[PDB]
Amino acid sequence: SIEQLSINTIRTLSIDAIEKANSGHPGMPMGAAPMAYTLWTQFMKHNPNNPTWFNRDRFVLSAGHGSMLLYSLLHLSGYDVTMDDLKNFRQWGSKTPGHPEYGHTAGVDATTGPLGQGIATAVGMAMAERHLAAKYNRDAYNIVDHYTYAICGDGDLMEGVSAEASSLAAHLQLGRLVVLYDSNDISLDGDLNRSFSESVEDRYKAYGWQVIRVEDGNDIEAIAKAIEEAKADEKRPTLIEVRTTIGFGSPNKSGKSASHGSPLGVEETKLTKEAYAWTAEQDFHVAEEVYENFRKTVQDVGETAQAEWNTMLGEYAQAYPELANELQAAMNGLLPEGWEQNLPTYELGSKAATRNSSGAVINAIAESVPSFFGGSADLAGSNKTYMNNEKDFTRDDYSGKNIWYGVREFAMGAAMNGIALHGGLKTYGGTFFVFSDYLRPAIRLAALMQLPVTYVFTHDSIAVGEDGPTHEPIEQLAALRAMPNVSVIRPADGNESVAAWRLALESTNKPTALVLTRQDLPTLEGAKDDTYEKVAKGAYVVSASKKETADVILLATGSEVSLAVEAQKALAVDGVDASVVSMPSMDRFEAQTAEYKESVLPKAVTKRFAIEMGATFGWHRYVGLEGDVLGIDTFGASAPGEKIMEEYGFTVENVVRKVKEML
């Protein structure tokens, strides 16, 4: 009956916070408060005074809309989420935003809301945990050893991304992933049965998960049994279908979707509190006995767990000083001193496809940077992402560094977020640039969360050639350039692409999309010296005009810079004096100083011509009303890459003509 009291406090806090905000989702906090309370207080190892503890159990509220459930538990458990925080649910500047936000609220492990992704993120977190354990754990010292938990709803399990991530998690046999499914026959919009009649249990057994059913979500002893069972089966990831009733306790709107997405309201709140034998007559009431219960079951237990872990760690250090030092540095995102010495250089006269350049870099990194971990969505041979002297990450060897994601772009993107969130690893994921659209929503969460993951997007243009328009990117550059807090770098040759990789690996608070070619690019002279400082500025002058004042500026990126440089000679002959600007990254250029920008794009020179095999959208920021751009505003074609390029106008002859045309 104290557990019951605690459960009803969670319920009642949630409801009251939502009444006060006059916004929010009360229904599932009420249905799910029991299973959540049981997991949080009886199974999870976590320290409310140190939410950042490396070996804490991880937790993901995949069903984001139920955020008050998480906020309640955090507050009641002694995390730094106060009563005044709860009373500011969904308000400007809150620590209690409408959906959970990693980095903004103490104890929130991931940002959820977009449905399905929380589960896939958790799958990434569980990958990181076994990978780190294999790398770092030794005799006695189970230094990395924890579980990964999530709570989801019906929506989550309809989304393809959760389907992909579950297939994957089963294949890697991630036995410490445990997902609690709030199964209540209601969706965002009405009865589940309006969209949904599949057998979740049977699908998950088919993947290869353990599934365990709980008939009565209000039965704590049963949920507790299922989790015990979940945790003893280290072989399979486990799903626990917990049968609950949405808005439990609301007489009028319990059974209904009406209870899902808006405050139950003053009269119905009173009635609900009745139904709970909730006598407390002030809102936001929590009994001393309830705090005490959480202090006993969560705070004291996590405290002790953490203290022992720290003692183990100190012993681990003496017994394995260099190993423990490496781990320390990895947990802190520090790259080893001098790691970049390893990297390729491309000599004047060489030719390299930037996907190949990227592969050579990836191999030099795997050798010099112990925290590197990544793979491809089933395109390893085409993306060049494979670490040739590293093992595969598998159910049989969690220490392998090469991940085989299969044809699961979206789950890949979301797992990468989970890998980064965990800490202790630098990750990357490869697919064809044209398929970046498949994982777009995960990129956006990586941007929101400030996660420094790296995407290896190859086959970046119509130069892809025979595969045709469904495989040729056109608008993909603009679609990422417009997104807040993503860096997009499209290197113009081998050396720019080594600098690009350094910038991606060095990132701490934003994802980096590397945009790479299928086809060979000529090593540029203007790029060879101080490439890193050049690429770091985002745009620099790769080939100066003759006078301090150019007749025209050619701007180009990636594979079009070489083109721009030939055009430049061709124009010199005809008495036109061009400078060439290489712009491997618009976002980095934009962050530079008014004085630096002005030194690369002189305001008095209005004659500017951008060249890029992609949408023209975005280029007028640089070329203005009086400049022009050679880009591509239609889809591509199926033909040898160089034939499309010629037909689409990417030839010196055409650039010279279009340029002479506008001055």
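Numbering starts at 1 and runs along the sequence shown.
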Of 409 to 417 and 195 to 203, the stretch whose C-alpha atoms average the higher B-factor in the entry: 195 to 203
Higher-B stretch (mean Cα B-factor, as the entry records it), 519 to 527 or 260 to 268: 260 to 268
Please work out which residue in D84, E129, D587, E221 has the highest C-alpha B-factor recorded for this crystal structure. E221
Can you tell me which of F393, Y455, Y386, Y316 has the maximum CA B-factor listed in the PDB entry? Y316
Relative to the other modelled residues in the chain, which third contains the C-alpha temperature factor of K569: lowest, middle or highest? highest
Please rank the C-alpha B-factors of the chain's modelled residues and tell me whether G349 sits in the lowest, middle or highest third. highest
B-factor third for the C-alpha atom of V581 within its chain: middle
Chain thirds of CA B-factor: placement of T606: highest
Of the three thirds of Cα B-factor ranks in this chain, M613 occupies the lowest
